[PDB]
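Let me begin by presenting the structure, written as structure tokens, before commenting on it.
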Amino acid sequence: XXXXXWXXXXXXXXXXXXXXXXXXXXX
Amino acid sequence: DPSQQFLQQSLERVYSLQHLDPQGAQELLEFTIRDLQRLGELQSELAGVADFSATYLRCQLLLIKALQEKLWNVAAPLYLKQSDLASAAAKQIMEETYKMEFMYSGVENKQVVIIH
Amino acid sequence: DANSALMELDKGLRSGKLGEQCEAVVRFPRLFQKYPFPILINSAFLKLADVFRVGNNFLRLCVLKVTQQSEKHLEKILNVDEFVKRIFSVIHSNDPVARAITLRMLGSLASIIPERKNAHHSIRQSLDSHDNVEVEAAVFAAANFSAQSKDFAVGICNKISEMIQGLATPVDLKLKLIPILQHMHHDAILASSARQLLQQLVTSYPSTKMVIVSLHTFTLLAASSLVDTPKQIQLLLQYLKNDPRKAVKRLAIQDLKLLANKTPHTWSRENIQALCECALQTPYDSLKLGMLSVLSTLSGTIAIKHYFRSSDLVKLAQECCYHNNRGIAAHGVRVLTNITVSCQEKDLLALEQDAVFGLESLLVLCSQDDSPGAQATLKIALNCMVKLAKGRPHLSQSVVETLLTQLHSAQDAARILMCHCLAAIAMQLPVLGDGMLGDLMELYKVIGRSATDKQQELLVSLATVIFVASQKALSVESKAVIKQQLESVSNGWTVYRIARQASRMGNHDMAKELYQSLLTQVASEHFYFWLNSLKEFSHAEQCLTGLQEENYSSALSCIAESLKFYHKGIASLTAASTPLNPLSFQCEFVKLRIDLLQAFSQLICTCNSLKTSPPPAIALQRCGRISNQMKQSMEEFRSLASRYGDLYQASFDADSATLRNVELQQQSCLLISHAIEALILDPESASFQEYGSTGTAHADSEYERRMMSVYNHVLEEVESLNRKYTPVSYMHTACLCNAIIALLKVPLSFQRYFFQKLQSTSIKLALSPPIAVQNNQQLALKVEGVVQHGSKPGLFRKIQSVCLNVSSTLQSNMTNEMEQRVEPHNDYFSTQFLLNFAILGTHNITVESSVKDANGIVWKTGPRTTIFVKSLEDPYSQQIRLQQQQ
């Protein structure tokens, strides 16, 4: 369990990153 | 007097565990400061001695936290005060020592020497 | 309007129909949430109390539910006496249900009516009633009033005692009646009497429900009233080792868990010894797992230092380390790891290898099963071995080796956790990264498409540990990774996260290729500009890697190419700035990197302008233009240091890692400024005893290790070349100008705040006073602001004080310099300033909002709101002033 894992602990999804995920995920 | 016995026991627990790592010393001081504050909130006649010893342990905790800062690991030209913590710590210990010396009625020379 | 809505739901409670009347009653909490005004909450609560007094019991229950849901708003009614009196009037009802509802009202209102004696008397009288609902409500009201009033508690303690040993009271009502003694945490003698009653009560009623409830209320009393704890712990251990029921032992276990979580420092060595002895001779794994959970909670605290050779705790941890139960094994491994990293005695050298091999056995047991309960023990084991590697460095090689051997023979969902563990270990010990690169790369190769759901997470985690492990660049492995993503994953989010990790760890050519592969995958042009800017930044940092050594011409070429790409990137980055979530930190960080690289290029140009542009015809001084050139370079680098500092102060939402990165850049430009000063400008005045006490170099990242190594090397070179040469020296320019190369050789790391916005907080700062004020009057700035915490409010830092600075600049200087440190109490603050405007004309005033955190660090985060003030003169005062002047 890395304390500084970015991909992990994705409960705190931002606004820009969430939209980026929605845009680059289903493609 | 269970409360007086607990206060003495917590103080000697702080005194007798002064050989730990800085993190453990900070944890012990935080625990004992919390216990002394709550004891002052419970036993009214021991409230003054409780927060007196709590302010002393807060002084020691601030000293320990200031002596374990990241600024000692960098050189003097690379030191930066915009993320400093020890400068506020020394001022806080000064304020707490003055508060300890002058807002407590039952002080004597045998306490004033440790305060100074 | 607030009062309009109040009348709108007020007209419904004289409807006569019970449905619209309960409608009207239960709409009240929404009104309280919308309009928290004390003069209006007061009227609403008074008419709620009136309809409580006149309504039926269902309306009274609705009023009770509203009162329970509005407990924080009923402290601001201030007409307490008549409100409580008109509720209390129907304690005299012959209906026991109405009496019960009123007792629940009084218990609900106990926060705002402590020491209210008729309420105490009503609770005491209703405790002896013959109706079960009234007695239960009286118990609830007594539990509430005992928490809020000690004068109620001292008599009700005796009353509850006498009606517990009263055998007319049934057993279930006794069970409901025991936890009143939990709130006896007011006086020491009160808690002592409660403990004596509980001690008689446990042995008097040895029922399992009675002993559960009595032991739990005894421990809540002992935790709240702190002078009860060692005897409570020894009582719990005695009941854990002697009482044969599994439920009693289970409460003793979870209760000692609570007491170890709350006050681990008060545990004596005898208590830990007794708990260990309990864990040795138990035959049940369900109890042993709980006891080891308590001991593992105790192991991570200072109770081990109070406990301390090979003791019963060590033997118990070794025994439970090799157990068929995975939870018991995880707890024993946790105890062993905490003991190992706690101290450095001679006895733990034997059990260090025991901890390592127990960790390896737990890995080989918890990896191939994919159980939901197996992943928790796997996380515990991997966190324990991360702690073992970080706390004690030398044995980390075996930990890394067993992780690498376990990776090739484990299921996919376990591989993400081991990749996280391996990345956490490898960022702290960099020598282990390069030795494990081949096996990890083979593991990346053998993926192909042999997963469908965990494939993405495994790919990003395994690429992350490739990037952390490879301190240098990639030549063929980059192509193999690119081919693996192109064949396997068309999901561009995995590519983006892998490129994000690559730019985090400094592998910028890989990030550049992945960002080129992603420009056609986005929908919004904003993300296209963001990805193009990221591609250009990665390309520029890759162009910076062409610095081989000592070649200042190739240095100028590489810095110029990197600058070209890098502010092409900032050209494409500010196009991605949005009104909602702007790219403020990214723009400032990239602008500061541009300014630092340009200052580096200018300093190398001054290196070349030593030998070129020879000194003037002059018989410091007699050095030519180069003295002023290094003076300007020092000023620029010090300005860069101050700008990195103000970026640090303006971030406030970053990690420790991003703040450390900004501090590293600031220290870099500070190092260059000091290297200019100490050996060009004034070597005599400078070069004091600047010996950095390099003790425990607790650098969290490999990038930080490289930066401090470069800093130490450059500082040692500066100190060794302080006064050995004249200030116009070829060695001075060479050592400084190679310090530039050493600083730029390590690649830049883009941290998490550059990519992910966590702890989004700001100040609304809605001030209330071009406004015009008379010359003789003084303007009053009634400034108020509300903070806006996003998701996690205190993930990294929390606001302690909001320091507001306001100053007035005439002729839209800075004469009304004012400062007030206000404390927000409900995430909202308000303070009022007094500004004087003697000079007539337009006065531009500005207000700042600095935030001081819990540690005392000032963060300049708030908006700089400006309003213009005009100082118009009274016609009578103007005429009087002109008459007096003329």
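Here's how to read the names in the structure tokens: chain A, B, ... by the order shown, residue numbers from 1 in each chain, ligand numbers from 1 in the order shown.
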
Next item on the list: For residue C:386, work out the shell of residues within 12 Å, counting only C-alpha atoms and skipping chain neighbours fewer than 2 positions away, then give it as number ranges by chain.
Entry: A: 1-3; C: 334, 337-338, 341, 356, 359, 379-384, 388-393, 395-397, 399-400, 403, 417-429

Would you mind exporting C-alpha atoms of the selected residues as an mmCIF file, in the first residue's frame?
data_model
loop_
_atom_site.group_PDB
_atom_site.id
_atom_site.type_symbol
_atom_site.label_atom_id
_atom_site.label_comp_id
_atom_site.auth_asym_id
_atom_site.auth_seq_id
_atom_site.Cartn_x
_atom_site.Cartn_y
_atom_site.Cartn_z
ATOM 1 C CA UNK A 1 0.000 0.000 0.000
ATOM 2 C CA UNK A 2 1.803 3.085 -1.291
ATOM 3 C CA UNK A 3 0.821 6.264 0.529
ATOM 4 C CA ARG C 334 2.167 -6.967 12.281
ATOM 5 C CA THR C 337 7.205 -5.947 12.336
ATOM 6 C CA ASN C 338 6.267 -3.320 14.930
ATOM 7 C CA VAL C 341 11.106 -1.437 13.740
ATOM 8 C CA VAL C 356 10.708 -11.715 6.777
ATOM 9 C CA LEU C 359 5.825 -12.159 5.415
ATOM 10 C CA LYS C 379 -2.763 -5.422 2.181
ATOM 11 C CA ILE C 380 -1.790 -5.844 5.841
ATOM 12 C CA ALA C 381 1.243 -7.958 4.911
ATOM 13 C CA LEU C 382 2.388 -5.610 2.146
ATOM 14 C CA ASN C 383 1.991 -2.552 4.381
ATOM 15 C CA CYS C 384 3.943 -4.394 7.082
ATOM 16 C CA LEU C 388 9.895 -3.174 7.577
ATOM 17 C CA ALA C 389 11.829 -1.972 4.529
ATOM 18 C CA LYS C 390 11.556 1.711 5.454
ATOM 19 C CA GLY C 391 12.238 1.384 9.186
ATOM 20 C CA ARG C 392 15.202 -0.968 8.770
ATOM 21 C CA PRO C 393 17.007 -0.503 5.434
ATOM 22 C CA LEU C 395 17.120 -6.281 4.806
ATOM 23 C CA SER C 396 15.007 -4.639 2.075
ATOM 24 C CA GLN C 397 16.841 -6.619 -0.625
ATOM 25 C CA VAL C 399 11.832 -8.241 0.638
ATOM 26 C CA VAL C 400 12.191 -6.915 -2.909
ATOM 27 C CA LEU C 403 8.100 -9.706 -4.117
ATOM 28 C CA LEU C 417 -1.073 -4.638 -4.453
ATOM 29 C CA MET C 418 2.438 -6.053 -4.843
ATOM 30 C CA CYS C 419 3.177 -3.446 -7.514
ATOM 31 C CA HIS C 420 2.052 -0.758 -5.059
ATOM 32 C CA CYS C 421 4.245 -2.298 -2.349
ATOM 33 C CA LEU C 422 7.234 -2.535 -4.685
ATOM 34 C CA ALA C 423 6.790 1.066 -5.833
ATOM 35 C CA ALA C 424 6.508 2.258 -2.225
ATOM 36 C CA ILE C 425 9.710 0.414 -1.329
ATOM 37 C CA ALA C 426 11.596 1.480 -4.460
ATOM 38 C CA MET C 427 10.945 5.206 -4.013
ATOM 39 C CA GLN C 428 12.745 5.061 -0.654
ATOM 40 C CA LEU C 429 15.676 2.765 -1.530
#

Distance query residue A:26 at most 10 Å, only C-alpha atoms, self and fewer than 4 positions along chain excluded, as an mmCIF file with N, CA and C atoms, in the first residue's frame:
data_model
loop_
_atom_site.group_PDB
_atom_site.id
_atom_site.type_symbol
_atom_site.label_atom_id
_atom_site.label_comp_id
_atom_site.auth_asym_id
_atom_site.auth_seq_id
_atom_site.Cartn_x
_atom_site.Cartn_y
_atom_site.Cartn_z
ATOM 1 N N UNK A 21 -11.491 11.352 -17.787
ATOM 2 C CA UNK A 21 -11.707 9.914 -17.728
ATOM 3 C C UNK A 21 -12.910 9.532 -18.568
ATOM 4 N N UNK A 22 -13.980 10.313 -18.453
ATOM 5 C CA UNK A 22 -15.197 10.056 -19.217
ATOM 6 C C UNK A 22 -14.976 10.254 -20.716
ATOM 7 N N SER C 490 -6.962 -0.183 -25.904
ATOM 8 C CA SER C 490 -7.436 0.991 -26.618
ATOM 9 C C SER C 490 -8.043 2.023 -25.682
ATOM 10 N N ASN C 491 -8.212 1.678 -24.408
ATOM 11 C CA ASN C 491 -8.657 2.621 -23.388
ATOM 12 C C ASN C 491 -7.567 3.664 -23.178
ATOM 13 N N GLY C 492 -7.851 4.903 -23.579
ATOM 14 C CA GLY C 492 -6.870 5.964 -23.472
ATOM 15 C C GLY C 492 -6.627 6.442 -22.059
ATOM 16 N N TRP C 493 -7.505 6.090 -21.119
ATOM 17 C CA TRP C 493 -7.298 6.492 -19.732
ATOM 18 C C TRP C 493 -6.104 5.773 -19.122
ATOM 19 N N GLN C 521 -7.808 11.127 -29.105
ATOM 20 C CA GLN C 521 -8.758 10.368 -28.304
ATOM 21 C C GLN C 521 -9.706 11.239 -27.493
ATOM 22 N N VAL C 522 -9.439 12.531 -27.375
ATOM 23 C CA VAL C 522 -10.248 13.395 -26.531
ATOM 24 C C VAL C 522 -11.429 13.930 -27.329
#

Using only C-alpha atoms, which protein or nucleic acid residues come within 12 Å of residue B:47? Drop anything in the same chain fewer than 4 positions from it, and give the result as number ranges by chain.
B: 3-4, 7, 35-43, 51-54, 104

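Remark: for chain B, the closest of the candidate residues C:859, C:703, C:755, C:828 is C:859 (distances computed over only C-alpha atoms).
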
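Using only C-alpha atoms, the contacts of stretch 12-17 of chain A at a cut-off of 7 Å, with sequence neighbours closer than 3 positions omitted, comprise residues 20 and 21 of chain A; 756, 757, 758 and 791 of chain C.
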
Closest of C:550, C:254, C:229, C:72 to residue B:6, counting only C-alpha atoms, is C:229

Excluding stretch 18-24 of chain B and any residue of its chain fewer than 2 positions from it, enumerate the residues within 9 Å of it, using only C-alpha atoms, and give them as a PDB file with C-alpha atoms, in the first residue's frame.
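Done, and the output landed in part_16.pdb:
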ATOM      1  CA  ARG B  13       5.504   8.241  32.906  1.00  0.00           C
ATOM      2  CA  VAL B  14       6.594  11.265  30.868  1.00  0.00           C
ATOM      3  CA  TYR B  15       9.810  11.597  32.882  1.00  0.00           C
ATOM      4  CA  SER B  16      10.740   7.897  32.778  1.00  0.00           C
ATOM      5  CA  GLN B  26       5.821  13.501  20.639  1.00  0.00           C
ATOM      6  CA  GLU B  27       3.127  10.816  20.893  1.00  0.00           C
ATOM      7  CA  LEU B  28       3.679  10.395  24.644  1.00  0.00           C
ATOM      8  CA  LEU B  29       3.621  14.153  25.225  1.00  0.00           C
ATOM      9  CA  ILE B  64      11.064  18.547  20.512  1.00  0.00           C
ATOM     10  CA  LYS B  65       9.091  19.296  17.337  1.00  0.00           C
ATOM     11  CA  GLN B  68      13.259  17.702  14.614  1.00  0.00           C
TER      12      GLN B  68
ATOM     13  CA  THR C 301       2.055   2.604  19.822  1.00  0.00           C
ATOM     14  CA  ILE C 302       4.415   3.492  22.672  1.00  0.00           C
ATOM     15  CA  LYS C 305       8.481   0.686  24.960  1.00  0.00           C
ATOM     16  CA  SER C 342      10.359  -0.123  17.241  1.00  0.00           C
ATOM     17  CA  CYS C 343      13.857  -0.541  18.687  1.00  0.00           C
TER      18      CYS C 343
END
